[PDB]
């Protein structure tokens, strides 16, 4: 037999039995990625946290020429160090502040947009596609608002994402075409006097501030493209798969409909059980480091399997059950951990909370319109998502 291949399954509605078997018997295990490279797959909560909390397991170094790769780059190699570049430019605080969900009127905008999307689906009649006509447009509209760019520019930027977030063995020519075009768009935004709000409005001001005069225009444009793309793909994909998990749990759906104050705790559990990340998080060892029974050597690739940690019964007893009263509810790894913890975690929570609150009010009887096995799971992609999510109500 050949070496165990990753990823195990593109399905986002069930965890393969193999994960629990590996976690119990071999919580760090050698695997082969789609490029042919070997890697260490880490699948227990304890070892996943160890890797993510030790910066000697480096994100930046995964982009080095000649390294064992999980997948091909879809961005320039320096962009793998995006957050380090933002920090070096003195822009970290400003970027973080721009992407919080607490800007005046943002939550009301999210609620209004979700309600409008849902009203259009109700008018059109069942079946409705909750990914393409709800979750993704809601994510796109949210990120246009947060960036300060026109809502009407959302769809074309969104169209890049089915390629930008591919998990491919080989470089993708279309990724460069779209990247270069989206960079040109964001560079134009920085020069557009109408853009005075949100992240791009703030970056546009800082760009002309003497304390930032040697920050490159390339970096300012890259922040726009990367935060739009990572935010939209991550929130749209998470909400989509969370809606599946909610629909498949009518008792919980009814509880959250009846007691909406429990939605934040429900979203935290939906984050914990979420299978949206299709691959382990990659890191390259910069030293020889003991992880469990394995001495990982300098230059080797490690893959941190988020659902390995998040379904680990030693940390989350009865891991497959959504329980709203856990004592460690935010200790999951859905947003990562350590140096590269998601900078948009609060916005991602609020997007899902508001989307779910709106859906349960407008469509309390929501259910799948097709048997669950009929969902078509996107392959060779950095997220697990159904191509369509047909529902009735």
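Numbering follows the first chain given and starts at 1.
When the C-alpha B-factors of 308-316 and 83-91 are averaged, 83-91 comes out higher. In this crystal structure, the stretch out of 193-201 and 251-259 whose C-alpha atoms carry the higher mean B factor is 251-259. The residue among 140, 235, 120, 168 whose C-alpha carries the highest B-factor in the deposited model is 120.
Take 284, 75, 103, 230 and read off each C-alpha B-factor from the entry; 103 has the highest. When the CA B factors of the chain's modelled residues are split into thirds, the value for residue 108 lands in the highest one. Split the chain's modelled residues into thirds by C-alpha temperature factor. Residue 384 is in the highest one. The deposited CA B-factor of residue 30 belongs to the middle third of values across its chain. When the modelled residues of the chain are ordered by their C-alpha B factor, residue 222 lands in the lowest third. Among all modelled residues in its chain, residue 280 ranks in the lowest third by Cα B-factor.
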